[PDB]
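> give the three-dimensional model of this entry:
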Amino acid sequence: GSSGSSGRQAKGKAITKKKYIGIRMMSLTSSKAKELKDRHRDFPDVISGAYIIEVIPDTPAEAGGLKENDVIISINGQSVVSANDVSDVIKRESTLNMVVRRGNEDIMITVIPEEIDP
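Numbering: from 1, shown residues only. The structure is reproduced below:
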C-alpha cells in the first residue's frame, strides 16, 4: 500500500560521487512512531531514527541485515535521529556499523555501500 506522491530528487549536478545500498526510508515523526508501535506490536521500544519501508534486493543492505520495518538508533558508534543522517554515513564512511533493535535486543548490521557516480 503506497503512502502517496513523492517525486523528489531531480536531475541536478554534483562533483563527487554517492554511495548506494538499495533502501527506502521515510522521515520518522513523533506522531508516526507513536502510531507505528500501537499499530505494529513488532515495532521496538523506539520512536526516533530511520524507518525502513523496503530494502531493494541484490543490495549490500539486504544481505547485511537491514530488513523492512526497522529503526536505526546508531551508526558507526554515532546515534542518529533522522533517515537523512543514516544516509550520510554511507558516503562518509566506507563501512556501515548500524545498530537496529530486533525482538528485544540490539543487533549490529555491517553493510558495505558501493560508491556510485552522481
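> now the helices: where do they sit in this protein?
30-39, 83-92 (DSSP state H).
> I'd like those written out as a markdown table, with distance to residue 62 added.
The way it works is simple: take the backbone N, C-alpha and C, and place the C-beta from them, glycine included. Formatted as a markdown table, the helices of the chain follow (distance: least, C-beta to C-beta, whole Å):
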| stretch | distance to residue 62 |
| --- | --- |
| helix 30-39 | 21 |
| helix 83-92 | 14 |
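> most tightly surrounded among those?
helix 83-92 (a mean of 18; mean count of other C-beta atoms under 10 Å).
> mind listing residues that contact that one?
17-21, 25-28, 49-51, 72, 75-76, 78, 80, 96, 98, 113, 115 (C-beta atoms under 8 Å, 6 or more residues apart in numbering).
> how distant is that helix from the center of its chain?
Chain-centre distance of helix 83-92: 9 Å, with C-alpha atoms, centre = their mean, to the nearest Å.
> and what of stretch 102-118?
A distance of 8 Å separates the centroid of the chain from that of stretch 102-118, by C-alpha atoms, centre = their mean.
> measure it end to end?
Stretch 102-118 has an end-to-end distance of 33 Å (C-alpha to C-alpha, to the nearest Å).
> looking at the helices of the chain, which is closest to residue 4?
Comparison of the helices of the chain against residue 4 by C-beta to C-beta identifies helix 30-39 as nearest, at 13.5 Å.
> contacts for the closest one, please.
Here helix 30-39 has contacts from 26, 28, 43, 45, 46, 47, 48, 51, using C-beta under 8 Å, 6+ apart.
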